[PDB]
Amino acid sequence: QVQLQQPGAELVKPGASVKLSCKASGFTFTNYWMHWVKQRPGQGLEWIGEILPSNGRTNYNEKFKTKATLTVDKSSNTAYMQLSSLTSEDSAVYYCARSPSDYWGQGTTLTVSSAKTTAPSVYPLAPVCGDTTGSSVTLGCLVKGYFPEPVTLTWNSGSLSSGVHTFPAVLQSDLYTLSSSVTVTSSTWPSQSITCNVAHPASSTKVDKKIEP
Amino acid sequence: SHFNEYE
Amino acid sequence: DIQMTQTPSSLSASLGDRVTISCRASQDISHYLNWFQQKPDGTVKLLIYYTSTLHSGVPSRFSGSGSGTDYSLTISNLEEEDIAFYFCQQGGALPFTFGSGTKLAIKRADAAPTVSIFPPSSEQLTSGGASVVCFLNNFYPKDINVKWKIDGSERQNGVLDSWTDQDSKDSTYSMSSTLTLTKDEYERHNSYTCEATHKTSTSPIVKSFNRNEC
Ligand SMILES: [Cl-]
Ligand code: NI
């Protein structure tokens, strides 16, 4: 109903090639230009190029000429972008879009890595022993060495939300690490049980770690 | 929105 | 290539305020300037095209102006739903190019971080590893610096940091910093310190522990 449907994520090895798809619906894309755009964390958006499905003409950003190949399958109203010889520099969110009356897909996160699927180690982070005098206490959970993303982290099975911060994952080595903190009034812990719940779907693991003094 | 299409 | 220079790169304002963002092109783009809005979930929408034409459904508080090489996007009275990343696109000549973007944020009252430091868990230690973590939570403004010390000596290698986006409800920011060592190195020293430097104070907020002491 004017939608551009892209897969949420793709994982590929360095040296491999990948074909991103962009399925249009709610309109026939024949006379719309279909563009592809690359976004990386600290870089400005880059335009890769565009293809006009009616006649197959393409306009490319010359920087991507030997990297990207745009095509269309008119019978399924789908545009594609094939990326070749992937390197870690190709890791990014890739969007498709139409123009004129512009509308964008939700983007495909492409990760290019050699890492193998690996379950995280989950460790409870209790306060320094001695005695904490505050009205509140902060506890945490450290999730180290997993691949690929993502992991889902909750406190007390999702019943404890509020006072919670879960930080974005970062790439130590070829694996990811994240952490989460929870803050509760001092009278609640350690008298009431607080546990970190971590799921990592790709390695099918689910671990619970109780925070103990 | 682009010079090469009709808007 | 027509290069687009967008300013400012970040902008913190109060809700209800008028905000203006600019994009300057390298050469004349003949009014083909588009403004795009991207939300934290990755969603991207076209707001204005051909300098000043509002796209379908965009509210009237958004307006665009400019000519030749100088263009602006103005939001009359900032609403909460407008907090996002904005970027321009020239469509006057191939290849099409984008401005580097403007991240909006809500301005709030200054807040010092709440700092907590955590020694390695016994479970990690049993595996041969030793991560020391520091949480610096709920501060404003966004900039902050963390320094680690081992026995009073500054330590830089082995540190990884992560920063949350602006909190949706209270407008603060938070940060986690982890110093990861081998158990062997961890066991050779006694004192571990996380020091935070923020605009809210000229003296660092210092948190530390001694490995013996429990
Ligand atoms: Cl053309
Ligand atoms: Ni030493």
# chains A, B, ... in the order shown; residues from 1 in each chain; ligands from 1
$ residues_near_ligand --ligand "ligand 2" --cutoff "8 Å" --atoms "only C-alpha atoms and all ligand atoms" --output "ChimeraX atom specification"
/C:185,188-189
$ residues_near_ligand --ligand "ligand 1" --cutoff "9 Å" --atoms "only C-alpha atoms and all ligand atoms" --output "NGL selection string"
(:A and (52 or 57-59)) or (:B and (3-5)) or (:C and (94))
$ write_last_selection --atoms "N, CA, C and O atoms" --output "PDB file, in the first residue's frame"
ATOM      1  N   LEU A  52      15.859   2.194 -13.604  1.00  0.00           N
ATOM      2  CA  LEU A  52      14.454   2.500 -13.974  1.00  0.00           C
ATOM      3  C   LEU A  52      13.901   1.200 -14.549  1.00  0.00           C
ATOM      4  O   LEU A  52      14.479   0.643 -15.481  1.00  0.00           O
ATOM      5  N   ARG A  57      17.559   1.151 -17.550  1.00  0.00           N
ATOM      6  CA  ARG A  57      18.665   2.098 -17.526  1.00  0.00           C
ATOM      7  C   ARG A  57      19.187   2.207 -16.058  1.00  0.00           C
ATOM      8  O   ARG A  57      18.353   2.167 -15.151  1.00  0.00           O
ATOM      9  N   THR A  58      20.490   2.393 -15.929  1.00  0.00           N
ATOM     10  CA  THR A  58      21.024   2.554 -14.557  1.00  0.00           C
ATOM     11  C   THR A  58      21.876   3.816 -14.509  1.00  0.00           C
ATOM     12  O   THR A  58      22.436   4.172 -15.564  1.00  0.00           O
ATOM     13  N   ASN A  59      21.924   4.478 -13.374  1.00  0.00           N
ATOM     14  CA  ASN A  59      22.839   5.591 -13.101  1.00  0.00           C
ATOM     15  C   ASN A  59      23.593   5.191 -11.800  1.00  0.00           C
ATOM     16  O   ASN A  59      22.935   4.946 -10.787  1.00  0.00           O
TER      17      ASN A  59
ATOM     18  N   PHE B   3      15.929  15.644 -10.989  1.00  0.00           N
ATOM     19  CA  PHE B   3      15.884  16.347 -12.274  1.00  0.00           C
ATOM     20  C   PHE B   3      15.482  15.406 -13.414  1.00  0.00           C
ATOM     21  O   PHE B   3      14.910  15.978 -14.364  1.00  0.00           O
ATOM     22  N   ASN B   4      15.728  14.121 -13.263  1.00  0.00           N
ATOM     23  CA  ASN B   4      15.487  13.142 -14.311  1.00  0.00           C
ATOM     24  C   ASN B   4      14.202  12.337 -14.158  1.00  0.00           C
ATOM     25  O   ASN B   4      14.100  11.162 -14.492  1.00  0.00           O
ATOM     26  N   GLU B   5      13.165  12.945 -13.598  1.00  0.00           N
ATOM     27  CA  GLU B   5      11.878  12.228 -13.468  1.00  0.00           C
ATOM     28  C   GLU B   5      10.849  13.343 -13.468  1.00  0.00           C
ATOM     29  O   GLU B   5      11.173  14.504 -13.186  1.00  0.00           O
TER      30      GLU B   5
ATOM     31  N   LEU C  94      23.588  14.100 -11.498  1.00  0.00           N
ATOM     32  CA  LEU C  94      24.162  12.854 -11.064  1.00  0.00           C
ATOM     33  C   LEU C  94      25.655  12.997 -10.764  1.00  0.00           C
ATOM     34  O   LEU C  94      26.280  13.782 -11.483  1.00  0.00           O
TER      35      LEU C  94
END
$ closest_atom_pairs --of "chain A" --to "chain B" --cutoff "12 Å" --atoms "only C-alpha atoms" --output "Markdown table"
| residue | atom | partner | partner_atom | distance |
| --- | --- | --- | --- | --- |
| A:31 | CA | B:5 | CA | 9.0 |
| A:32 | CA | B:5 | CA | 8.3 |
| A:33 | CA | B:5 | CA | 8.0 |
| A:34 | CA | B:5 | CA | 11.7 |
| A:35 | CA | B:2 | CA | 11.7 |
| A:50 | CA | B:4 | CA | 11.3 |
| A:51 | CA | B:4 | CA | 11.9 |
| A:52 | CA | B:5 | CA | 10.1 |
| A:57 | CA | B:4 | CA | 11.9 |
| A:58 | CA | B:4 | CA | 12.0 |
| A:59 | CA | B:4 | CA | 10.6 |
| A:98 | CA | B:1 | CA | 10.6 |
| A:99 | CA | B:1 | CA | 7.2 |
| A:100 | CA | B:1 | CA | 5.7 |
| A:101 | CA | B:1 | CA | 7.4 |
| A:102 | CA | B:1 | CA | 7.8 |
| A:103 | CA | B:1 | CA | 11.5 |
$ write_last_selection --atoms "N, CA, C and O atoms" --output "compact mmCIF listing (two decimals), in the first residue's frame"
# COMPACT_ATOMS: atom_id res chain seq x y z
N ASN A 31 7.51 2.78 -13.81
CA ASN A 31 7.98 4.12 -14.08
C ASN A 31 8.55 4.84 -12.83
O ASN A 31 8.65 6.05 -12.87
N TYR A 32 9.05 4.12 -11.83
CA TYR A 32 9.68 4.74 -10.68
C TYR A 32 11.17 4.41 -10.72
O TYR A 32 11.46 3.24 -10.89
N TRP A 33 12.03 5.41 -10.42
CA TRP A 33 13.44 5.05 -10.24
C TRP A 33 13.61 4.30 -8.90
O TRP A 33 12.99 4.76 -7.92
N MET A 34 14.40 3.27 -8.89
CA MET A 34 14.58 2.48 -7.64
C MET A 34 16.05 2.71 -7.22
O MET A 34 16.95 2.34 -7.97
N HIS A 35 16.30 3.37 -6.13
CA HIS A 35 17.62 3.75 -5.66
C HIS A 35 18.12 2.82 -4.55
O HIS A 35 17.32 2.16 -3.90
N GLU A 50 20.82 4.05 -9.08
CA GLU A 50 19.39 3.85 -9.30
C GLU A 50 19.14 3.14 -10.65
O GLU A 50 20.05 3.20 -11.51
N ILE A 51 18.02 2.44 -10.74
CA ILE A 51 17.64 1.72 -11.97
C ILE A 51 16.19 2.00 -12.32
O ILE A 51 15.39 2.11 -11.39
N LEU A 52 15.86 2.19 -13.60
CA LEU A 52 14.45 2.50 -13.97
C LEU A 52 13.90 1.20 -14.55
O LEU A 52 14.48 0.64 -15.48
N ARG A 57 17.56 1.15 -17.55
CA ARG A 57 18.67 2.10 -17.53
C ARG A 57 19.19 2.21 -16.06
O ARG A 57 18.35 2.17 -15.15
N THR A 58 20.49 2.39 -15.93
CA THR A 58 21.02 2.55 -14.56
C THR A 58 21.88 3.82 -14.51
O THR A 58 22.44 4.17 -15.56
N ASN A 59 21.92 4.48 -13.37
CA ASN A 59 22.84 5.59 -13.10
C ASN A 59 23.59 5.19 -11.80
O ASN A 59 22.94 4.95 -10.79
N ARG A 98 12.15 4.45 -3.71
CA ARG A 98 11.66 4.83 -5.03
C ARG A 98 11.66 6.35 -5.10
O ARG A 98 11.63 7.05 -4.07
N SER A 99 11.66 6.85 -6.34
CA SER A 99 11.40 8.21 -6.66
C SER A 99 10.80 8.46 -8.05
O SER A 99 10.96 7.44 -8.70
N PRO A 100 9.77 9.25 -8.11
CA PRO A 100 9.47 10.47 -7.46
C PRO A 100 8.48 9.98 -6.35
O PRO A 100 8.28 8.78 -6.18
N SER A 101 7.82 10.81 -5.62
CA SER A 101 6.90 10.48 -4.53
C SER A 101 7.61 9.49 -3.61
O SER A 101 7.20 8.40 -3.32
N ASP A 102 8.82 9.93 -3.16
CA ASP A 102 9.76 9.04 -2.53
C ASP A 102 9.22 8.28 -1.31
O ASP A 102 8.53 8.80 -0.42
N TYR A 103 9.67 7.06 -1.25
CA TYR A 103 9.35 6.12 -0.18
C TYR A 103 10.51 5.17 -0.04
O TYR A 103 11.14 4.73 -1.04
$ interface_residues --of "chain C" --to "chain B" --cutoff "6 Å" --atoms "only C-alpha atoms" --output "MDAnalysis selection string"
chainID C and resid 49:50 91:92
$ closest_residue --among "A:149, A:73, A:131, A:90" --to "chain C" --atoms "only C-alpha atoms"
A:131
$ interface_residues --of "chain C" --to "chain A" --cutoff "8 Å" --atoms "only C-alpha atoms" --output "PyMOL selection string"
chain C and resi 42-46+55+94-101+116-121+123-124+135+160-164+174-176+209+213-214
$ write_last_selection --atoms "N, CA, C and O atoms" --output "compact mmCIF listing (two decimals), in the first residue's frame"
# COMPACT_ATOMS: atom_id res chain seq x y z
N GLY C 42 15.27 3.17 12.30
CA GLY C 42 15.76 3.04 10.93
C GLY C 42 14.78 3.54 9.88
O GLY C 42 15.11 3.52 8.67
N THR C 43 13.57 3.90 10.23
CA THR C 43 12.55 4.35 9.30
C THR C 43 12.98 5.69 8.68
O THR C 43 13.36 6.60 9.42
N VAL C 44 12.85 5.83 7.39
CA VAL C 44 13.21 7.08 6.67
C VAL C 44 12.03 7.64 5.90
O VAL C 44 11.41 6.88 5.14
N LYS C 45 11.73 8.94 6.02
CA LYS C 45 10.62 9.48 5.24
C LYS C 45 11.05 10.76 4.54
O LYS C 45 11.85 11.52 5.11
N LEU C 46 10.44 11.01 3.41
CA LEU C 46 10.73 12.25 2.68
C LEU C 46 9.83 13.32 3.33
O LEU C 46 8.65 13.01 3.42
N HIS C 55 5.76 16.92 1.33
CA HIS C 55 5.31 15.63 0.86
C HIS C 55 3.99 15.34 1.61
O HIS C 55 3.71 15.90 2.66
N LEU C 94 23.59 14.10 -11.50
CA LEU C 94 24.16 12.85 -11.06
C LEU C 94 25.65 13.00 -10.76
O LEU C 94 26.28 13.78 -11.48
N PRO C 95 26.22 12.26 -9.82
CA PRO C 95 25.48 11.38 -8.93
C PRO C 95 24.79 12.14 -7.81
O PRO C 95 25.22 13.22 -7.34
N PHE C 96 23.65 11.60 -7.34
CA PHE C 96 22.92 12.27 -6.25
C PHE C 96 23.81 12.18 -5.00
O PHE C 96 24.60 11.26 -4.92
N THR C 97 23.73 13.17 -4.11
CA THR C 97 24.58 13.17 -2.95
C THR C 97 23.82 13.68 -1.71
O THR C 97 22.85 14.41 -1.92
N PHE C 98 24.33 13.25 -0.53
CA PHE C 98 23.62 13.65 0.67
C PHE C 98 24.46 14.57 1.57
O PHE C 98 25.70 14.50 1.59
N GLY C 99 23.80 15.35 2.38
CA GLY C 99 24.47 16.13 3.45
C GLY C 99 24.87 15.14 4.55
O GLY C 99 24.26 14.07 4.58
N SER C 100 25.76 15.50 5.49
CA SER C 100 26.17 14.51 6.49
C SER C 100 25.19 14.41 7.65
O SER C 100 25.39 13.52 8.48
N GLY C 101 24.11 15.19 7.71
CA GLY C 101 23.09 14.96 8.73
C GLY C 101 23.10 15.83 9.97
O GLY C 101 24.14 16.44 10.30
N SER C 116 29.09 3.88 39.05
CA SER C 116 29.22 2.67 39.80
C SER C 116 30.36 1.80 39.22
O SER C 116 30.34 1.57 38.00
N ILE C 117 31.20 1.20 40.06
CA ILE C 117 32.29 0.33 39.53
C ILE C 117 32.14 -1.09 39.97
O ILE C 117 31.63 -1.45 41.08
N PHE C 118 32.39 -2.07 39.06
CA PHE C 118 32.18 -3.47 39.38
C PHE C 118 33.42 -4.33 39.14
O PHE C 118 33.92 -4.45 38.02
N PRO C 119 33.90 -4.99 40.19
CA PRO C 119 35.01 -5.93 40.03
C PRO C 119 34.58 -7.12 39.21
O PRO C 119 33.39 -7.45 39.02
N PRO C 120 35.55 -7.87 38.71
CA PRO C 120 35.29 -9.08 37.93
C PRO C 120 34.42 -10.04 38.74
O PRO C 120 34.63 -10.08 39.99
N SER C 121 33.55 -10.81 38.11
CA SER C 121 32.78 -11.80 38.83
C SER C 121 33.69 -13.01 39.12
O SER C 121 34.69 -13.24 38.41
N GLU C 123 32.76 -16.03 38.61
CA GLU C 123 32.57 -16.88 37.43
C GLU C 123 33.51 -16.47 36.30
O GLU C 123 34.08 -17.36 35.66
N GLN C 124 33.75 -15.17 36.06
CA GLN C 124 34.65 -14.84 34.96
C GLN C 124 36.10 -15.28 35.27
O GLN C 124 36.82 -15.78 34.43
N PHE C 135 29.66 1.93 35.20
CA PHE C 135 28.49 2.53 34.55
C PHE C 135 28.45 4.00 34.93
O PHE C 135 28.67 4.31 36.14
N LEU C 160 36.88 -0.87 26.47
CA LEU C 160 35.83 -0.76 25.46
C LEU C 160 34.67 0.08 26.08
O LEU C 160 34.28 -0.26 27.20
N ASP C 161 34.11 1.00 25.34
CA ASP C 161 33.02 1.85 25.83
C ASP C 161 31.76 1.75 24.98
O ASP C 161 31.85 1.57 23.76
N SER C 162 30.58 1.97 25.57
CA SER C 162 29.37 1.97 24.77
C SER C 162 28.49 3.12 25.33
O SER C 162 28.47 3.27 26.53
N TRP C 163 27.74 3.76 24.47
CA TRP C 163 26.93 4.93 24.88
C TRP C 163 25.49 4.77 24.42
O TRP C 163 25.27 4.36 23.29
N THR C 164 24.51 5.00 25.27
CA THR C 164 23.14 4.93 24.86
C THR C 164 22.77 6.21 24.09
O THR C 164 23.47 7.21 24.19
N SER C 174 23.59 7.78 29.01
CA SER C 174 24.31 6.87 29.91
C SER C 174 25.49 6.25 29.13
O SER C 174 25.52 6.24 27.90
N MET C 175 26.45 5.71 29.83
CA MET C 175 27.64 5.12 29.20
C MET C 175 28.18 3.98 30.08
O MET C 175 28.03 4.04 31.29
N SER C 176 28.73 2.97 29.43
CA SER C 176 29.32 1.81 30.12
C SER C 176 30.78 1.79 29.64
O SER C 176 30.98 2.03 28.43
N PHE C 209 37.98 0.50 43.93
CA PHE C 209 37.99 -0.59 44.87
C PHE C 209 39.41 -1.18 44.93
O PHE C 209 40.23 -0.86 44.06
N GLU C 213 40.25 -6.24 49.82
CA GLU C 213 39.16 -5.69 50.56
C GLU C 213 37.72 -6.04 50.23
O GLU C 213 37.14 -5.51 49.27
N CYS C 214 37.08 -6.86 51.08
CA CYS C 214 35.68 -7.22 50.82
C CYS C 214 34.84 -7.17 52.09
O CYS C 214 35.09 -6.25 52.92
$ residues_around --residues "residue 13 of chain C" --least-positions-apart "3" --cutoff "12 Å" --atoms "only C-alpha atoms" --output "list in words"
residues 10, 16, 17, 18, 19, 20, 75, 77, 78, 79, 80, 82, 83, 103, 104, 105, 106, 107, 108, 109 and 171 of chain C
$ write_last_selection --atoms "N, CA, C and O atoms" --output "mmCIF file, in the first residue's frame"
data_model
loop_
_atom_site.group_PDB
_atom_site.id
_atom_site.type_symbol
_atom_site.label_atom_id
_atom_site.label_comp_id
_atom_site.auth_asym_id
_atom_site.auth_seq_id
_atom_site.Cartn_x
_atom_site.Cartn_y
_atom_site.Cartn_z
ATOM 1 N N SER C 10 24.858 18.430 15.157
ATOM 2 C CA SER C 10 23.910 18.064 16.197
ATOM 3 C C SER C 10 23.267 19.341 16.759
ATOM 4 O O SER C 10 23.842 20.417 16.615
ATOM 5 N N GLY C 16 8.755 22.956 21.512
ATOM 6 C CA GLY C 16 8.052 24.223 21.277
ATOM 7 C C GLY C 16 8.979 25.226 20.569
ATOM 8 O O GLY C 16 8.461 26.214 20.008
ATOM 9 N N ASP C 17 10.293 25.015 20.572
ATOM 10 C CA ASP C 17 11.251 25.901 19.952
ATOM 11 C C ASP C 17 11.273 25.817 18.417
ATOM 12 O O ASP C 17 10.818 24.856 17.812
ATOM 13 N N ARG C 18 11.751 26.911 17.807
ATOM 14 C CA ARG C 18 11.935 26.908 16.343
ATOM 15 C C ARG C 18 13.361 26.446 16.046
ATOM 16 O O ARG C 18 14.377 26.921 16.608
ATOM 17 N N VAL C 19 13.504 25.456 15.187
ATOM 18 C CA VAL C 19 14.834 24.959 14.836
ATOM 19 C C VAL C 19 15.060 25.069 13.328
ATOM 20 O O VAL C 19 14.132 24.896 12.527
ATOM 21 N N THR C 20 16.295 25.368 12.954
ATOM 22 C CA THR C 20 16.619 25.508 11.529
ATOM 23 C C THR C 20 17.930 24.776 11.256
ATOM 24 O O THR C 20 18.925 24.779 12.001
ATOM 25 N N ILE C 75 11.677 23.864 11.399
ATOM 26 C CA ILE C 75 10.537 23.256 12.136
ATOM 27 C C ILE C 75 10.067 24.373 13.072
ATOM 28 O O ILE C 75 10.838 24.930 13.892
ATOM 29 N N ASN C 77 7.760 24.770 15.559
ATOM 30 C CA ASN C 77 7.504 24.529 16.984
ATOM 31 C C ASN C 77 7.783 23.020 17.184
ATOM 32 O O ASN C 77 6.906 22.202 16.912
ATOM 33 N N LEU C 78 8.949 22.720 17.623
ATOM 34 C CA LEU C 78 9.418 21.367 17.776
ATOM 35 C C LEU C 78 8.480 20.497 18.623
ATOM 36 O O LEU C 78 8.213 20.841 19.763
ATOM 37 N N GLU C 79 8.094 19.362 18.087
ATOM 38 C CA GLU C 79 7.309 18.393 18.837
ATOM 39 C C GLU C 79 8.166 17.188 19.137
ATOM 40 O O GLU C 79 9.135 16.886 18.448
ATOM 41 N N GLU C 80 7.748 16.403 20.119
ATOM 42 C CA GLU C 80 8.509 15.223 20.505
ATOM 43 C C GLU C 80 8.772 14.223 19.397
ATOM 44 O O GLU C 80 9.860 13.678 19.267
ATOM 45 N N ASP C 82 9.362 14.911 16.459
ATOM 46 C CA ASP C 82 10.322 15.450 15.504
ATOM 47 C C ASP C 82 11.782 15.177 15.861
ATOM 48 O O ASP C 82 12.691 15.520 15.076
ATOM 49 N N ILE C 83 12.028 14.626 17.046
ATOM 50 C CA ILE C 83 13.361 14.276 17.501
ATOM 51 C C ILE C 83 13.862 13.112 16.675
ATOM 52 O O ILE C 83 13.332 12.003 16.679
ATOM 53 N N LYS C 103 21.590 15.549 13.992
ATOM 54 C CA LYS C 103 20.860 14.745 14.970
ATOM 55 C C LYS C 103 20.168 15.691 15.944
ATOM 56 O O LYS C 103 20.947 16.400 16.621
ATOM 57 N N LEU C 104 18.859 15.655 16.052
ATOM 58 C CA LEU C 104 18.236 16.552 17.063
ATOM 59 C C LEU C 104 18.148 15.808 18.409
ATOM 60 O O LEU C 104 18.195 14.569 18.480
ATOM 61 N N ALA C 105 18.097 16.555 19.480
ATOM 62 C CA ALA C 105 17.971 16.047 20.812
ATOM 63 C C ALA C 105 17.134 17.071 21.606
ATOM 64 O O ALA C 105 17.120 18.241 21.196
ATOM 65 N N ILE C 106 16.561 16.563 22.685
ATOM 66 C CA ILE C 106 15.805 17.478 23.549
ATOM 67 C C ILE C 106 16.787 18.050 24.560
ATOM 68 O O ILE C 106 17.571 17.329 25.181
ATOM 69 N N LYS C 107 16.782 19.341 24.787
ATOM 70 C CA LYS C 107 17.639 19.950 25.806
ATOM 71 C C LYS C 107 16.936 19.732 27.136
ATOM 72 O O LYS C 107 15.691 19.837 27.221
ATOM 73 N N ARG C 108 17.683 19.464 28.164
ATOM 74 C CA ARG C 108 17.144 19.357 29.520
ATOM 75 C C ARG C 108 18.119 20.011 30.463
ATOM 76 O O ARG C 108 19.266 20.348 30.063
ATOM 77 N N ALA C 109 17.776 20.075 31.718
ATOM 78 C CA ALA C 109 18.643 20.593 32.774
ATOM 79 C C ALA C 109 19.897 19.714 32.948
ATOM 80 O O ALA C 109 19.804 18.473 32.839
ATOM 81 N N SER C 171 15.408 12.346 28.776
ATOM 82 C CA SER C 171 16.414 13.121 28.030
ATOM 83 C C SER C 171 17.841 12.986 28.562
ATOM 84 O O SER C 171 18.644 13.810 28.102
#
$ residues_around --residues "residue 115 of chain C" --least-positions-apart "5" --cutoff "8 Å" --atoms "only C-alpha atoms" --output "PDB file with N, CA, C and O atoms, in the first residue's frame"
ATOM      1  N   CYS C 134      32.427  -0.101  34.614  1.00  0.00           N
ATOM      2  CA  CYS C 134      31.978   1.160  35.183  1.00  0.00           C
ATOM      3  C   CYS C 134      30.728   1.665  34.458  1.00  0.00           C
ATOM      4  O   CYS C 134      30.754   1.733  33.219  1.00  0.00           O
ATOM      5  N   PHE C 135      29.657   1.933  35.201  1.00  0.00           N
ATOM      6  CA  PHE C 135      28.493   2.527  34.550  1.00  0.00           C
ATOM      7  C   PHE C 135      28.454   4.004  34.933  1.00  0.00           C
ATOM      8  O   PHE C 135      28.671   4.309  36.137  1.00  0.00           O
ATOM      9  N   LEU C 136      28.252   4.881  33.954  1.00  0.00           N
ATOM     10  CA  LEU C 136      28.109   6.307  34.155  1.00  0.00           C
ATOM     11  C   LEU C 136      26.678   6.629  33.657  1.00  0.00           C
ATOM     12  O   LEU C 136      26.457   6.794  32.438  1.00  0.00           O
ATOM     13  N   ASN C 137      25.721   6.720  34.596  1.00  0.00           N
ATOM     14  CA  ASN C 137      24.335   6.806  34.215  1.00  0.00           C
ATOM     15  C   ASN C 137      23.590   8.108  34.439  1.00  0.00           C
ATOM     16  O   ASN C 137      23.831   8.786  35.454  1.00  0.00           O
ATOM     17  N   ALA C 196      35.398   9.868  36.201  1.00  0.00           N
ATOM     18  CA  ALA C 196      34.556  10.513  35.179  1.00  0.00           C
ATOM     19  C   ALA C 196      34.646  12.035  35.236  1.00  0.00           C
ATOM     20  O   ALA C 196      34.323  12.615  36.267  1.00  0.00           O
ATOM     21  N   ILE C 205      34.543  12.619  39.140  1.00  0.00           N
ATOM     22  CA  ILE C 205      33.815  11.712  40.008  1.00  0.00           C
ATOM     23  C   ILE C 205      34.653  10.432  39.977  1.00  0.00           C
ATOM     24  O   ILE C 205      34.802   9.817  38.910  1.00  0.00           O
ATOM     25  N   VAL C 206      35.193  10.063  41.141  1.00  0.00           N
ATOM     26  CA  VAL C 206      36.053   8.906  41.176  1.00  0.00           C
ATOM     27  C   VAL C 206      35.497   7.725  41.944  1.00  0.00           C
ATOM     28  O   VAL C 206      34.969   7.828  43.043  1.00  0.00           O
ATOM     29  N   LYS C 207      35.492   6.555  41.324  1.00  0.00           N
ATOM     30  CA  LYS C 207      35.007   5.345  41.952  1.00  0.00           C
ATOM     31  C   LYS C 207      36.124   4.303  41.911  1.00  0.00           C
ATOM     32  O   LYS C 207      36.691   4.128  40.847  1.00  0.00           O
TER      33      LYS C 207
END
$ residues_around --residues "residue 148 of chain A" --least-positions-apart "4" --cutoff "9 Å" --atoms "only C-alpha atoms" --output "CSV table (one decimal) with C-alpha atoms, in the first residue's frame"
chain,number,residue,atom,x,y,z
A,11,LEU,CA,25.5,-12.3,7.3
A,111,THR,CA,27.5,-7.9,8.3
A,115,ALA,CA,33.2,-15.3,12.9
A,116,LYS,CA,31.4,-18.5,13.9
A,117,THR,CA,28.1,-18.6,15.8
A,118,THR,CA,29.2,-18.4,19.5
A,119,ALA,CA,27.1,-18.4,22.7
A,175,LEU,CA,32.8,-11.1,18.8
A,176,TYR,CA,30.2,-8.8,20.5
A,200,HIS,CA,20.9,-15.5,22.1
A,202,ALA,CA,21.4,-18.0,16.9
A,203,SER,CA,23.1,-20.4,19.4
$ closest_residue --among "C:166, C:198, C:74, C:210" --to "residue 132 of chain C" --atoms "only C-alpha atoms"
C:210
